[PDB]
Structures are given as structure tokens and as C-alpha cells.
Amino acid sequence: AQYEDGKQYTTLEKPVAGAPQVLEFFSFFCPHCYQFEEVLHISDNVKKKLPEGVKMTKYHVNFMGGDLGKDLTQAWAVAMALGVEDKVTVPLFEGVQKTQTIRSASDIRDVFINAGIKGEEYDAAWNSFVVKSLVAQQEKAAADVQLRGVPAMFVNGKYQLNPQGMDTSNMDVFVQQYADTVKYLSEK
């Protein structure tokens, strides 16, 4: 077969019922997640190859970066609650991994302020039980797959992308192989 279990993807032995159709996990501490966002734009190219009848979900993980890792998962919840993912994703990556100016929750907050979210607005969201449940949603989804590594993408709670099984001599070719695989899996 052109697409094969163990090549472009693997099959979960305990599939997750009711999961999001297309679910990616990332960490702002994760070097490959940095590439996936700024250099490869994986999420955008996957969306361009799915129909407008499929929802895409992106969740942060706790297991990288200790205390600041958990702050960033809550900050991602704030970003999702306020709908400002596209405004804060790049400054958070660059602040953690490029300039290394994100060292505390206050520094994360500064990113949002500089991106234009009001201080009262950030703080009220940060402390809300709506954000508390968005944090719980991110944890529950990663725990359903005993997630131990990022970047990760899962399709219909049944299949996990296997980027190590694709060709990386060319960055655009890799991105389109990856996105075509998500499409094939979504249609499965």
C-alpha cells in the first residue's frame, strides 16, 4: 500500500472514543514544534487540505519545562478562551526559545499585553473557571493517549502521525506529505 501502518502513521491499540477529529499537541519548549509553527506552518497546511467540515484542535502539554510548562498550558487556555492564538503563538515560541525572555508567568503575560490583550482581560481569563476547564480539557486529551512526546497529531482518536517516516530533504515536500497523510487518515 502507498500509506501503511508504521510508515506515515501508527495505529493506537486503545483508540479514544469521541476525540477531536484532528488533534495536535505541542509545547512552546519543544524545538521541533518551533519548526512546525514558524518554518513549516504544519497546522495551516493541514487545514488547507481538509474539507471545511472538519474541526482542528491544538493543545499545549505540561511535560516540558516544569513549572513554566504548566503556566504555558494555562496561558494557551487563556489564548483559546479569548480567541487570540494567532496573535500570541509566535511571540511565545520566540520568547521561550529564541530570545529566552520568558522566564515566569509575568513574562508570558507581557506577551499578551504586547499583543494587545488588556491587562484586566488577561487576568480575569487567567483566573476563570472557564479557563480552568480548558486546562482540564488539554490534560485529559493528552492523557487519553499517554502522550510522551510532541509535536504529535492524532486523527479521529485512532491514528497518530509518524513524521519520522517521511522524507525531509525538502521542507515543502515533507509538509505536503504530512498534510496529505492527515487527509488520507481523515477519509479512512
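Take the two forms, find the largest set of C-alpha atoms that superpose within 1.5 Å, and that set is the rigid core. Quick note: we count residues from 1 along the sequence shown, nothing fancier.
Between 152 to 160 and 49 to 57, the larger root mean square Cα shift in 5 other deposited structures of this protein, once each structure is superposed on the rigid core, falls on 49 to 57. Structural divergence in 5 other deposited structures of this protein between 163 to 171 and 16 to 24: following superposition by the core, 163 to 171 has C-alpha atoms lying farther from the shown form. Relative to one another, 152 to 160 and 47 to 55 have unequal mean CA B-factors, and 47 to 55 is the one with the higher figure.
Look at the mean CA B-factor for 162 to 170 and for 8 to 16 in the entry; the higher one is 8 to 16.
Of the residues listed, 107, 71, 86, 94, the entry assigns the biggest Cα temperature factor to 86. The PDB entry assigns residue 27 a C-alpha temperature factor belonging to the lowest third of its chain's modelled residues. In the deposited entry, the Cα temperature factor of residue 138 places it in the lowest third of its chain's modelled residues. Residue 125: CA B factor in the highest third of modelled residues in this chain (values from the PDB entry). The PDB entry assigns residue 81 a C-alpha temperature factor belonging to the highest third of its chain's modelled residues.
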